Amino acid sequence: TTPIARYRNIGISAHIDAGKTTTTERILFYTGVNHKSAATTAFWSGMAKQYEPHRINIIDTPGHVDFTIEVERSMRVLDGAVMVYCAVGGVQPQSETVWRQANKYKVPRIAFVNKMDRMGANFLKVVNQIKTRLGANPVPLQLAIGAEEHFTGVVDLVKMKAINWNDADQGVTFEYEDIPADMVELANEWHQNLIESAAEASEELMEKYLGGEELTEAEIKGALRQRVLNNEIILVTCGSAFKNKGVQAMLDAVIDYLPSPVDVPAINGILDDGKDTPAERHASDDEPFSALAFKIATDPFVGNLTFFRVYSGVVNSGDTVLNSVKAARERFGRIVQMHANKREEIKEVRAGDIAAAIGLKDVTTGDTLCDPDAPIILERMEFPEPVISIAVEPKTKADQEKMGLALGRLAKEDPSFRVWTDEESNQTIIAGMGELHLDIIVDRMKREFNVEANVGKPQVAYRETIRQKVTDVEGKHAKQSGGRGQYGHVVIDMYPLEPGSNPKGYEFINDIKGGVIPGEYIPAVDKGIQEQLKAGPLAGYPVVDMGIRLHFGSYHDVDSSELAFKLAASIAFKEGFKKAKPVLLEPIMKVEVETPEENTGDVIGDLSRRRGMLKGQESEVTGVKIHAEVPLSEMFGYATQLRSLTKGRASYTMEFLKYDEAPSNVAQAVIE
Amino acid sequence: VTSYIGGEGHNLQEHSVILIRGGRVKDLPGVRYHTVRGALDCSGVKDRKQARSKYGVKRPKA
Amino acid sequence: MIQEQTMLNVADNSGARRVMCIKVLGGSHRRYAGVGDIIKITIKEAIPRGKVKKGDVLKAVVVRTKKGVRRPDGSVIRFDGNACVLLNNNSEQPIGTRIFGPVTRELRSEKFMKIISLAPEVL
Amino acid sequence: XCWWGXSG
RNA sequence: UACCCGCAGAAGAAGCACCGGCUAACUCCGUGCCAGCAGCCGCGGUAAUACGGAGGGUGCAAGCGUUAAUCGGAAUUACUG
RNA sequence: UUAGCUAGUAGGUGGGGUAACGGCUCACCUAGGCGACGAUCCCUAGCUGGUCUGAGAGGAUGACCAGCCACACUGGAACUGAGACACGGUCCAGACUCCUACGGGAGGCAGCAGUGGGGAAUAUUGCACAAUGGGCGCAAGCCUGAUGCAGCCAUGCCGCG
RNA sequence: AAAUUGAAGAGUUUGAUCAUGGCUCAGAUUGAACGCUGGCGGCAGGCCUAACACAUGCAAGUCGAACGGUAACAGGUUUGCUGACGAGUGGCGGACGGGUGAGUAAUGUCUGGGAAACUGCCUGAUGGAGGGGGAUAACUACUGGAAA
Ligand SMILES: Nc1nc2c(ncn2[C@@H]2O[C@H](COP(=O)(O)OP(=O)(O)O)[C@@H](O)[C@H]2O)c(=O)[nH]1
Ligand SMILES: [Mg+2]
Ligand SMILES: [Mg+2]
Ligand SMILES: [Mg+2]
Ligand SMILES: [Mg+2]
Ligand SMILES: [Mg+2]
Ligand SMILES: [Mg+2]
Ligand SMILES: [Mg+2]
Ligand SMILES: [Mg+2]
Ligand SMILES: [Mg+2]
Ligand SMILES: [Mg+2]
Ligand SMILES: [Mg+2]
Ligand SMILES: [Mg+2]
Ligand SMILES: [Mg+2]
Ligand SMILES: [Mg+2]
Ligand SMILES: [Mg+2]
């Protein structure tokens, strides 16, 4: 039971508002008419039913940078890609990013220019933008006879024939006719460019074209397939998914110009575990079963749905599987493939196809599912580091137990979303790829699970250090009133130690000379001093970069004890800290920002607006790197402001560097 | 109730989901339960090679 | 004609048995709420384990009134009690999942298609 | 206390 | 299908608790009332068979420990007693 | 640390009623009836053969197998039928959920499998009526999540490497 | 002939002792769970919690040798003519089997009795089974509803 592996795995990737949902809805309509987010399977022949009906695996990827994680997993799993570009917008910021994600996985892609009907929309401008901004070769498979209000259909460059769709039938019937003479003057030149590109890939067709023999349609289409697989060129088509003209043709182009599961390069991995031996799993049923888990989901009336892509081998119900990454033995049952109208149980899944295994107990996102015999570990998909963090506190105390379970469930399904409890504030901090991404997880925790919560700013971990040295600090602890009392006298010198002097940042000096303090009690004095560092006298924050010297003291034959010396050391420590200049320290982060050159002045100004101090600036072939030292308190929701300044084209990384002292206004604020 | 975390290192913080089992700590009045190590949020003692099952430590890869 | 201090029976399954109008929304010095008018209310009585609790303040839509409604032909449809369907304070959507008792086509707006489809009788 | 890299 | 035969080759197949006494089974090293241990007694503040590890032993074994629960020992509700 | 409880209550007579006896019901008559051998009330609970343990007496227990009882969303009621006040029947009322073209309709896994939830914790949306039963039919046959098996699980016992 | 021929102690109150008296340990068991580990077979068991809510498939049908009819299939434009039977009328089963323990301290269960009863199918016996009447489903025509 196998289709001839001519299925077209594809992913719809575009900027927000471009038309990804409208185009995919129209894709389901036309394929469904041909028959008598989430992965979907359809069946598409040609518009004239010329092509054998092929399974089309279509995923509409989310445009927002907040939901980039889903674009990443989709591009890897899907053999082909279709990039929607708005005709008015052209190459918008997010569309620039999705190109780079496709570039990372070397995914062959074609381009659909949507919204041709919209006013001030130029198909050639968008092609020009694709060539200049994305630095790629765009070839016009289809030109547009009409523009804006007068948009009436899409012309085909390869056949040099105009196509008219039927407004009454909702685009169901295609028509072929002559190109209008005004339109043809431009079509000839673009058709010549299409011919020139096809010849270059074949090399054999190049010499023939130079000699002067006309290239075959059979031969041009072949060469164009060749180059899309090479990734050298991109193919552009124009249509209106609202006026129902052009979407139908783009699908036929997808089937005739995009790769099969066999056409793409075989998945690379580590065979078994250790020695990094290349798995080299060829994409075919004979090779040992290999699959990857993407987009795990939960259904109320069904078990957890774990969408998977079988590169090689065939999986069946009642088949043992190995989770290579989690080292967990697994079994497969109740597999389901979702057609546009319905989801159906399937007993087996051939290689090159995507399905959702219900009830996979140990399968998280980025897990490799393989046969236990001959195990293979395909690499985990790229997981982006979070860019913004907020504190979540449950509105009710009862919700805390539920909230932790809910955020963990959200964190299991989505790799980008992260949750942790900071040891200092004991608060729950969540980290996400965008402000909107965190907002949607919060709404899901309320709308989906029954847990409403309060968003907040994480509490920074302040430290205390001493400025100036106070000498002769004496601390006498005496509790003698009958029987056995506890007596300890210690004279200590509290001085500010250098920040880089020692790893602990604390130094205790046994400068005792003679029998003033018995050796046995000096460790107890040291123990009391370390305990005091744990809770600073002013604001309760941990003491750091401070050292002390014990030079003198007193004792009693019966009363003196280790506990007594520890309490005396604590009294002296407090007195010395009170007189030494106590300053709170604010954690400083080393921040590196990659920004387009035009917005560098804006990003540098934003960092200067924060109490952050610039330490560096590197001009780069792509973008400009800016290095700055900014207190973490100032670094809140920085990604939102950074994206507003740079049109979401700027990314930043940070690392804790040191604890420079806070400004007085901020430090007094911390004390309160 | 009150439970005892047993072993050199504890990762338990606030709002930590753990499993508790019977067992009284003679020197701690009122602590009549022992946290199970290796279960849920609670982890196993680091560098533990004796009585590892009691402390939930996986067999060393040796 | 529902005014502030009026007590209304509850037509839904939110768990409120009795509610009091605390404000007639939609205008300054607005005096009366009729059928189809949104009013701020306070739960004066609720069943245990209900979706709402005594003392909660939320919006409600008046569905049956003793003063009654007027039809374009001069016909009057009147009820023997004032009744309301509790609405979420923010989304103005019904808290309950079932509607008890007849309702009038006055509620056949887009905001209240939920109530209309769930009513046992619409007259 | 302040970002996925742990730190204050 | 049970079962039987033929092939190849030691190949594909051992772990878990415990060693102060009660209770079978001991030393060294780290540590120094700390870190831990503990059913009961109790151990640990510089020669720790009681902690953490190593070697050695012991008990059981495709299991071995721990917790929970029932009865026994408990003549510790005693009818026997 | 529950002492009084009862009025169709307790009995008689007549009528009705049921397959049958009977305050079962009703009219009248009498003033009874239960209870420190614990009535009434309150809490808990399916019961047994058995099981676990104990020399025994006993103590604990009632998962599996078999007998019996009860129940079938909740509350009530009848119908048909030898037999039900009926798990996959009917009517009503109630809570809940679903379909709709917004007029109305529909339902009840404590069947088997399965999902969510709770929980320390417990299995496959498997196969076949081949056998043994049961229903229907003259039989052939058909139906049978009874049953026979298969999967999962060191959960136990047992045997072996 | 054989069918319970069956009962053990130890640690810890004291400076030591004896008694009292708890605490604890050695045994067996379990619908177990958890932690670590895991070659295999046989046999058994497997929501103890929420009688919580349940998407979906299935778990009670059968009889043409009761009856009209023949939709459909297969043979001999057509028919019940046949096999065979959709739907329907009729009979029978559906009160069994399967599940669960919410209720229930006795109205249930167990033990032994009783007297005033019923009882499809099965079985033994003795007979009969005479002769009519009216109706109705399906069906046909029309008509309503999204469906039921
Ligand atoms: N005029 C016009 N509008 C379109 C076209 N395709 C989509 N739209 C509109 O663009 C809006 C956003 O489209 P959507 O599919 O949500 O884009 P997505 O956010 O990329 O999925 C929709 O409301 C459509 O009405 C088109 O071809 N022409
Ligand atoms: Mg969308
Ligand atoms: Mg725009
Ligand atoms: Mg010994
Ligand atoms: Mg050892
Ligand atoms: Mg006894
Ligand atoms: Mg009960
Ligand atoms: Mg005894
Ligand atoms: Mg009857
Ligand atoms: Mg029934
Ligand atoms: Mg049922
Ligand atoms: Mg079930
Ligand atoms: Mg749970
Ligand atoms: Mg059937
Ligand atoms: Mg149960
Ligand atoms: Mg019960």
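Each chain gets a letter, A, B and so on, in the order the sequences are listed, and its residues count up from 1. Hydrogens, waters and symmetry mates are skipped; everything else that's a heavy atom, side chains included, is used.
Counting to the nearest Å, the P atom of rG45(E) and the NZ atom of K566(A) are 22 Å from each other. Rounded to whole angstrom, the span from the CD atom of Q50(B) across to the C1' atom of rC28(E) amounts to 13 Å. Rounded to an integer number of Å, the gap from CG of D299(A) to P of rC54(G) is 17 Å.
Applying the 3.5 Å cutoff to both bonds, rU77(G) and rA95(F) do not register as a Watson-Crick or G-U wobble pair. A Watson-Crick or G-U wobble pair links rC153(F) to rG45(G), both relevant atom distances lying under 3.5 Å. Between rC96(F) and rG76(G) there is no base pair of the Watson-Crick or G-U wobble kind with both of its two distances under 3.5 Å. With the cut-off at 3.5 Å for both distances, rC71(E) forms a Watson-Crick or G-U wobble pair with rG27(G). Judged by Watson-Crick and G-U wobble geometry, where both atom pairs must sit under 3.5 Å apart, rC4(E) and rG98(G) do not count as a base pair. No Watson-Crick or G-U wobble pair links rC118(G) with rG94(G) when both atom distances must be under 3.5 Å. Applying the 3.5 Å cutoff to both bonds, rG61(G) and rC92(G) register as a Watson-Crick or G-U wobble pair. Taken together, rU90(F) and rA77(F) constitute a Watson-Crick or G-U wobble pair, since both relevant N/O distances lie under 3.5 Å. Nucleotides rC54(G) and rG114(F) are base-paired: the Watson-Crick or wobble atom pairs both lie closer than 3.5 Å.
The pentose of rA101(F) is categorized as south (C2'-endo side) on the basis of a negative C1'-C2'-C3'-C4' torsion. Using the sign of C1'-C2'-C3'-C4' as the criterion, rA102(G) falls on the north side of the pucker cycle. Sugar conformation at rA51(G) is south: the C1'-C2'-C3'-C4' dihedral has a negative sign, consistent with the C2'-endo side. Sugar pucker of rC85(F): south, as indicated by a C1'-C2'-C3'-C4' torsion of negative sign.
Using a 4.5 Å heavy-atom cutoff, the side chains of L407(A) and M445(A) are in contact.
Heavy-atom distances to RNA chain F give each of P120(C) and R331(A) a nearest nucleotide, and the one nearer the 5′ end belongs to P120(C).
Taking only side-chain nitrogens and oxygens, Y55(B) comes nearer than 4.0 Å to OP1 or OP2 of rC37(E). When the side-chain nitrogen and oxygen atoms of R37(B) are compared with OP1 and OP2 of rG35(G), none of them lie within a distance under 4.0 Å.
Among the heavy atoms of the strands lying under 4.0 Å from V25(B) is at least one base atom, whether or not backbone atoms are also near.
Interface remark: the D27(B) side chain does form a donor-acceptor pair with the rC37(E) base, using a distance-only criterion of under 3.5 Å.
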